[PDB]
Every structure is written in structure tokens, then in C-alpha cells.
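Chemist: Questions regarding the structure given below will be posed in turn.
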Amino acid sequence: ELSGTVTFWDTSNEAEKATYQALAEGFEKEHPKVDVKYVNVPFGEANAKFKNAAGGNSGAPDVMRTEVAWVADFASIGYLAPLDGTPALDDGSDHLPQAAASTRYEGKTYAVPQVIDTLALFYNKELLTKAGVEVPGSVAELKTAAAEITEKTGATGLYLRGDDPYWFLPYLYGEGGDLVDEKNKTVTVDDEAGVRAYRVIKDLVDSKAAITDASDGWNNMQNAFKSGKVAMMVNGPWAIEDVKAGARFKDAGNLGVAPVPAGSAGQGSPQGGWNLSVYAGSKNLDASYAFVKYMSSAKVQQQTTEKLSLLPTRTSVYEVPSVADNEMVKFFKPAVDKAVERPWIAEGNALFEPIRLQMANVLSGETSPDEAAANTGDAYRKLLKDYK
Ligand SMILES: C[C@H]1O[C@H](O[C@H]2[C@H](O)[C@@H](O)[C@@H](O[C@H]3[C@H](O)[C@@H](O)[C@@H](O[C@H]4[C@H](O)[C@@H](O)[C@@H](O)O[C@@H]4CO)O[C@@H]3CO)O[C@@H]2CO)[C@H](O)[C@H](O)[C@@H]1N[C@H]1CC(CO)[C@H](O)[C@@H](O)[C@@H]1O
């Protein structure tokens with residue numbers, strides 16, 4: 001017996017949201033006495049919007065699309081219903097383990113996995129071919145390629161997103177670095193790899209291998225890539241359908257994807273994604289648990305992939321020929337398998353702001369790579385009282 005309102009806050013983007021609204025409302029097919037109230041909440045506003053509503057117990061959603069780092073955020077302050085022993089969890093073991101870790105806080109389950117993702121190098125196949133260059137495997141190989149692209153086509157090699165701190169991580173990993181050593185509770189972002197990573201990004205822009213912008217970075221990146229102003233960008237699966245809307249990439253075939261470039265030490269890309277959580281103060285808990293089970297079901301994950309090319313969290317879904325034979329998926333799944341995990345801690349979400357500020361100042365020339373790394377480390381030690 002399910003009935004009543006289930007308000008769902010979805011953070012998915014302009015290209016994704018019609019699909020997600022349809023899936024959400026599809027819950028009513030099997031439960032016609034439930035009224036699904038779909039609301040799209042912009043990614044940048046959603047964390048604060050949810051905390052505001054939950055903290056005041058006023059107009060909070062029943063079900064929240066919850067970024068991997070937000071689960072511990074929200075859970076630690078009491079805003080999420082624990083899900084262990086509820087109908088929200090069905091065939092839990094099916095989910096990728098690294099997806100499952102992000103749902104956990106202090107020995108309890110506060111979310112169900114929805115999608116998993118990572119960053120990759122997207123490229124314009126026809127531009128690279130016209131430039132006579134191969135997809136670059138390293139930063140060194142990207143610089144050489146960018147020069148040939150400018151010389152032969154007039155395009156810039158890379159749009160380097162300059163306003164979102166997540167985009168720093170591939171460069172950090174490529175220089176042999178990482179934010180923290182979790183096992184040893186030690187801040188590591190200010191090791192020499194951090195200095196090198198800030199220096200690499202500045203060199204890419206100064207050398208004109210890359211362009212960037214200090215604001216409106218998502219739109220600027222997409223516009224530059226779709227208009228052929230650049231040959232390459234670093235982005236994730238949430239960009240695929242948006243890109244394919246463009247005249248340049250209808251022929252889905254013209255859209256190349258490859259790993260993010262190696263740096264001087266190695267190569268890596270971060271693990272991200274989205275889970276589904278239930279507000280602790282929901283006045284329709286049964287219907288919400290069922291809604292979460294439905295939205296995380298193999299059937300719905302498969303449909304999401306078919307319409308959007310977003311990656312399922314369920315292992316079984318990869319065995320469905322329709323998913324197993326998808327080319328964006330065929331690339332992204334192995335890349336996700338290799339993606340770097342982060343500490344799933346209450347202050348994990350706040351590790352990004354320090355990077356954002358220092359990265360902006362490095363790109364504008366206000367701050368040296370050396371100072372930026374030290375500043376980032378200083379901010380982490382302030383955030384993480386039991387880290388050295
Ligand atoms: C600073 C923020 O730090 C963190 O976020 C990390 C995040 O943990 C990383 O994993 C990564 O997330 C990936 C994501 O995994 C990936 O899927 C994709 O998301 C797509 C969707 O796919 C697409 O469907 C649609 O939704 O659109 C999504 C976006 O395209 O890309 C994400 C990266 O963009 O990177 C984030 C850092 O960016 C915090 O969580 C904060 O919320 C914080 N926000 C601040 C906002 C404030 C402003 O006043 C205010 O000052 C600050 O205090 C606020 O806190």
C-alpha cells in the first residue's frame with residue numbers, strides 16, 4: 001500500500017533532466033495513488049538548498065539526488081534516514097564496491113547508488129585528423145598536439161576548465177600526488193606533486209596549448225568544444241548528450257573519448273557520481289523507500305544508460321547487451337574501475353574550496369605554484385583537525 005506525495009529533488013543538467021523527470025514519474029505507473037512531484041535544483045545550489053530546508057524542516061524533499069561527497073555531509077548532521085532494514089535496499093551486492101562506500105557513514109547506510117563517473121579527455125576526431133595528430137596520452141604529448149592544431153587549423157588544443165576545483169585532480173594524480181593519505185591521516189596535497197600540478201596548469205594556458213575562463217566555466221567549456229574553438233576538453237558522462245546536441249557531434253561518431261593525459265609521474269582520474277537518499281523528516285517514508293528502490297533498480301539504471309550514456313552502479317546492468325555494447329560505456333567503465341577514491345568523511349566535500357581559490361590565483365598569475373600548494377595544504381590542516 002503506497003500513496004501520497006513523494007517530492008524528488010534532482011540535480012541533473014539541462015540535457016539530462018527530461019529523462020530523469022520521465023523516469024521519476026514512471027513510478028506512478030505501478031503506484032497510481034502516489035503523486036511524484038519532480039523538482040530540478042541546479043547542481044551549484046542543491047547542497048545549500050537541501051541543508052536550508054532540512055535544518056528548518058520546511059519544504060524539504062522526500063528524496064534527494066545526493067552527490068557522493070554529500071552523503072557523509074548530510075548524514076553527520078542528521079538529515080538522512082538510515083536505510084538498513086528498509087525496502088529501499090534491494091539486491092545491494094549488485095552495486096560496484098566503490099559506489100557502495102560512498103553510501104556509508106559510521107556503520108550505517110544512508111543512500112543507494114545511482115550513477116558512477118570519472119573525468120576523461122573528449123576530443124574532436126575530425127579536428128585531430130585535419131591537424132594530423134594522434135590523441136595525446138600525456139601532458140607533454142598534449143602540448144605538441146596543441147601546437148600542431150593551432151598551426152594547421154587555427155583551433156586551440158584544449159579548453160582547460162579553470163573555475164571548478166574537481167578539474168585539478170587529474171593534474172595532481174598525473175604529477176604523483178593526492179589530497180590526503182587517509183590511512184595515515186596525513187595531508188599530502190602540498191607535497192612537490194601539488195606544486196608541479198599547479199605549474200602544469202599554468203604552463204598549459206601560458207603556452208596557448210589551452211584556454212580557460214575564471215567564471216561561467218561549464219557554459220564556456222561546452223561552447224568552446226561544440227563550436228570547434230578547441231579540439232579537446234576534460235569532462236564526464238554528464239556531458240555526452242549535451243555535446244551530441246551540437247551540429248559538430250550529431251554524428252556521435254565524431255566524438256572521441258580517451259583517458260585524461262598522464263603527467264610526469266603517472267596518470268589518474270577522480271571517482272564521482274550520484275546516490276539517492278531519503279530526508280530523515282519525510283512524511284511519506286514508505287513511498288520514498290519504494291521510490292528509491294525503483295529509481296535504483298536495474299531496469300531504471302539500464303534506461304538511464306540508453307537515453308543518457310550515464311554509467312550504472314549495478315554490475316548486472318553491464319551484462320545487459322544494450323549496456324555491454326554501448327561505446328561511451330565501453331570506454332568509461334574501465335576508466336571508472338581505475339578511478340581514484342577519496343575519504344568518505346564529513347569534511348570531504350570541503351576539500352575542494354581551497355583548491356578552487358588557489359587554482360584561480362595560479363591561472364591569473366596572482367599566486368605561484370609553490371605558494372598555491374602550501375596554501376592548499378594549510379587549508380586542509382585547518383579543516384581536518386586529526387590530520388597532520
Ligand atoms: C565546491 C563544491 O565542492 C564539492 O563538490 C565536488 C564533488 O564532491 C566532486 O565529486 C565533483 O563533483 C562532480 C560530480 O561527481 C559529477 O557527477 C559532475 O556533476 C554533474 C552531474 O553529473 C550532472 O548530472 C549535474 O548535476 O551537473 C553536475 C555538474 O556539472 O561534476 C561534478 C563536478 O562539477 O566536484 C565537485 C566540485 O566541483 C561539494 O560537494 C560542494 O557542494 C561544493 N559546492 C559549493 C557551492 C558554493 C557556491 O557558493 C558554496 O560556496 C560551497 O560551500 C558549496 O558547498
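Note on naming: chains are A, B, ... as they come in the C-alpha cells, residues start from 1 per chain, ligands start from 1 in the order shown.
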Name the residues of region 49-197 of chain A that come out as strand (DSSP E) in a backbone DSSP run; write them as a ChimeraX atom specification.
Modeler: /A:63-67,104-105,108-109,112-118,120-124,156-159,180-181,186-187
Chemist: Using only C-alpha atoms and all ligand atoms, determine which residues fall within 6 Å of ligand 1, then list them as a PDB file with N, CA, C and O atoms, in the first residue's frame.
Modeler:
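Saved result, selection02.pdb, follows:
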```pdb
ATOM      1  N   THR A  11      19.285  16.965  -9.368  1.00  0.00           N
ATOM      2  CA  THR A  11      20.299  17.956  -9.738  1.00  0.00           C
ATOM      3  C   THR A  11      20.775  17.815 -11.179  1.00  0.00           C
ATOM      4  O   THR A  11      21.680  18.548 -11.592  1.00  0.00           O
ATOM      5  N   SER A  12      20.227  16.851 -11.920  1.00  0.00           N
ATOM      6  CA  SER A  12      20.741  16.590 -13.272  1.00  0.00           C
ATOM      7  C   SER A  12      20.646  17.833 -14.167  1.00  0.00           C
ATOM      8  O   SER A  12      19.824  18.730 -13.925  1.00  0.00           O
ATOM      9  N   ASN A  13      21.499  17.889 -15.192  1.00  0.00           N
ATOM     10  CA  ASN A  13      21.659  19.095 -16.000  1.00  0.00           C
ATOM     11  C   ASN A  13      20.588  19.242 -17.102  1.00  0.00           C
ATOM     12  O   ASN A  13      19.661  18.424 -17.208  1.00  0.00           O
ATOM     13  N   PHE A  43      22.772  22.103  -9.778  1.00  0.00           N
ATOM     14  CA  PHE A  43      23.866  21.494  -9.028  1.00  0.00           C
ATOM     15  C   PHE A  43      24.501  22.419  -7.967  1.00  0.00           C
ATOM     16  O   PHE A  43      24.680  22.010  -6.817  1.00  0.00           O
ATOM     17  N   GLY A  44      24.823  23.650  -8.368  1.00  0.00           N
ATOM     18  CA  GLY A  44      25.574  24.597  -7.509  1.00  0.00           C
ATOM     19  C   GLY A  44      24.826  25.081  -6.282  1.00  0.00           C
ATOM     20  O   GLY A  44      25.455  25.530  -5.292  1.00  0.00           O
ATOM     21  N   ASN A  47      23.162  21.535  -2.593  1.00  0.00           N
ATOM     22  CA  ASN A  47      23.652  21.208  -1.241  1.00  0.00           C
ATOM     23  C   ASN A  47      23.114  22.208  -0.201  1.00  0.00           C
ATOM     24  O   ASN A  47      22.521  21.814   0.814  1.00  0.00           O
ATOM     25  N   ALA A  69      29.951  12.875  -2.248  1.00  0.00           N
ATOM     26  CA  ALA A  69      30.547  13.532  -1.075  1.00  0.00           C
ATOM     27  C   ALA A  69      29.510  14.093  -0.093  1.00  0.00           C
ATOM     28  O   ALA A  69      29.837  14.394   1.061  1.00  0.00           O
ATOM     29  N   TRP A  70      28.270  14.255  -0.559  1.00  0.00           N
ATOM     30  CA  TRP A  70      27.224  14.825   0.284  1.00  0.00           C
ATOM     31  C   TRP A  70      26.629  13.831   1.254  1.00  0.00           C
ATOM     32  O   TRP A  70      25.982  14.232   2.220  1.00  0.00           O
ATOM     33  N   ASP A 164      36.399  25.201 -11.687  1.00  0.00           N
ATOM     34  CA  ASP A 164      35.859  24.119 -10.869  1.00  0.00           C
ATOM     35  C   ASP A 164      37.043  23.266 -10.368  1.00  0.00           C
ATOM     36  O   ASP A 164      37.798  22.702 -11.161  1.00  0.00           O
ATOM     37  N   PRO A 165      37.207  23.163  -9.047  1.00  0.00           N
ATOM     38  CA  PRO A 165      38.373  22.506  -8.431  1.00  0.00           C
ATOM     39  C   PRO A 165      38.516  21.009  -8.741  1.00  0.00           C
ATOM     40  O   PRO A 165      39.617  20.448  -8.625  1.00  0.00           O
ATOM     41  N   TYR A 166      37.419  20.353  -9.118  1.00  0.00           N
ATOM     42  CA  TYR A 166      37.487  18.943  -9.434  1.00  0.00           C
ATOM     43  C   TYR A 166      38.470  18.700 -10.589  1.00  0.00           C
ATOM     44  O   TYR A 166      39.129  17.651 -10.656  1.00  0.00           O
ATOM     45  N   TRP A 238      28.135  13.015 -17.977  1.00  0.00           N
ATOM     46  CA  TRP A 238      27.042  14.010 -17.916  1.00  0.00           C
ATOM     47  C   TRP A 238      27.120  15.044 -19.050  1.00  0.00           C
ATOM     48  O   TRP A 238      26.218  15.879 -19.206  1.00  0.00           O
ATOM     49  N   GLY A 272      33.597  10.041  -9.099  1.00  0.00           N
ATOM     50  CA  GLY A 272      32.472  10.829  -8.633  1.00  0.00           C
ATOM     51  C   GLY A 272      31.183  10.072  -8.853  1.00  0.00           C
ATOM     52  O   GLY A 272      31.197   8.868  -9.070  1.00  0.00           O
ATOM     53  N   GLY A 273      30.080  10.792  -8.795  1.00  0.00           N
ATOM     54  CA  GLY A 273      28.777  10.176  -9.015  1.00  0.00           C
ATOM     55  C   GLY A 273      27.687  10.677  -8.098  1.00  0.00           C
ATOM     56  O   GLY A 273      27.859  11.645  -7.320  1.00  0.00           O
ATOM     57  N   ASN A 349      33.733  16.978   1.333  1.00  0.00           N
ATOM     58  CA  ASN A 349      33.160  17.963   0.407  1.00  0.00           C
ATOM     59  C   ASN A 349      33.883  19.328   0.460  1.00  0.00           C
ATOM     60  O   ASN A 349      33.999  20.018  -0.563  1.00  0.00           O
ATOM     61  N   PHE A 352      37.459  20.793  -1.506  1.00  0.00           N
ATOM     62  CA  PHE A 352      37.511  21.381  -2.844  1.00  0.00           C
ATOM     63  C   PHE A 352      37.645  22.907  -2.865  1.00  0.00           C
ATOM     64  O   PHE A 352      38.315  23.463  -3.750  1.00  0.00           O
ATOM     65  N   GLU A 353      37.052  23.587  -1.888  1.00  0.00           N
ATOM     66  CA  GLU A 353      37.100  25.047  -1.908  1.00  0.00           C
ATOM     67  C   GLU A 353      38.555  25.589  -1.890  1.00  0.00           C
ATOM     68  O   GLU A 353      38.855  26.530  -2.641  1.00  0.00           O
TER      69      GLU A 353
END
```
Chemist: In Å, with one decimal, what is the gap from CA of residue 297 (chain A) to CA of residue 91 (chain A)?
Modeler: 8.9 Å
Chemist: For each of A:4, A:177, A:26, A:263, take the minimum atom-to-atom distance to residue 141 (chain A), counting only C-alpha atoms, then give the residue where this is smallest.
Modeler: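 Closest to residue 141 (chain A), using only C-alpha atoms: A:263.
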Chemist: I'd like the neighbourhood of region 277-284 of chain A as a PyMOL selection string, where a residue qualifies if any of its atoms comes within 7 Å (using only C-alpha atoms), though same-chain residues fewer than 2 positions away should be ignored.
Modeler: chain A and resi 4-6+61-66+79-81+110-112+275+286-288
Chemist: Dump as CSV the rows for residues of region 241-265 of chain A within 10 Å of region 220-229 of chain A: closest atom pair and distance in Å with one decimal, only C-alpha atoms counted, ordered by chain and rising residue number.
Modeler:
```
residue,atom,partner,partner_atom,distance
A:242,CA,A:222,CA,8.1
A:243,CA,A:226,CA,6.4
A:244,CA,A:226,CA,8.8
A:245,CA,A:226,CA,8.9
A:246,CA,A:226,CA,6.0
A:247,CA,A:226,CA,7.8
A:248,CA,A:226,CA,6.3
A:249,CA,A:226,CA,7.6
```
Chemist: Restrict the selected residues to N, CA and C atoms and save them as a PDB file, in the first residue's frame.
Modeler:
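The result, written out as again-v2.pdb:
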```pdb
ATOM      1  N   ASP A 242      24.675  16.432 -24.011  1.00  0.00           N
ATOM      2  CA  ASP A 242      24.811  17.851 -24.284  1.00  0.00           C
ATOM      3  C   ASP A 242      25.690  18.096 -25.514  1.00  0.00           C
ATOM      4  N   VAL A 243      26.824  17.410 -25.580  1.00  0.00           N
ATOM      5  CA  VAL A 243      27.727  17.570 -26.720  1.00  0.00           C
ATOM      6  C   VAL A 243      27.042  17.131 -28.016  1.00  0.00           C
ATOM      7  N   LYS A 244      26.375  15.982 -27.964  1.00  0.00           N
ATOM      8  CA  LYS A 244      25.697  15.390 -29.151  1.00  0.00           C
ATOM      9  C   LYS A 244      24.526  16.226 -29.684  1.00  0.00           C
ATOM     10  N   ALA A 245      24.079  17.197 -28.890  1.00  0.00           N
ATOM     11  CA  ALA A 245      23.040  18.124 -29.361  1.00  0.00           C
ATOM     12  C   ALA A 245      23.625  19.103 -30.407  1.00  0.00           C
ATOM     13  N   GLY A 246      24.947  19.260 -30.395  1.00  0.00           N
ATOM     14  CA  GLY A 246      25.616  20.198 -31.278  1.00  0.00           C
ATOM     15  C   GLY A 246      25.780  19.662 -32.688  1.00  0.00           C
ATOM     16  N   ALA A 247      25.645  20.561 -33.662  1.00  0.00           N
ATOM     17  CA  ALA A 247      25.870  20.225 -35.097  1.00  0.00           C
ATOM     18  C   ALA A 247      27.180  19.483 -35.362  1.00  0.00           C
ATOM     19  N   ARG A 248      28.203  19.784 -34.569  1.00  0.00           N
ATOM     20  CA  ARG A 248      29.505  19.189 -34.772  1.00  0.00           C
ATOM     21  C   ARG A 248      29.575  17.722 -34.324  1.00  0.00           C
ATOM     22  N   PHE A 249      28.609  17.270 -33.529  1.00  0.00           N
ATOM     23  CA  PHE A 249      28.727  15.964 -32.869  1.00  0.00           C
ATOM     24  C   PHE A 249      27.468  15.106 -32.928  1.00  0.00           C
TER      25      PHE A 249
END
```
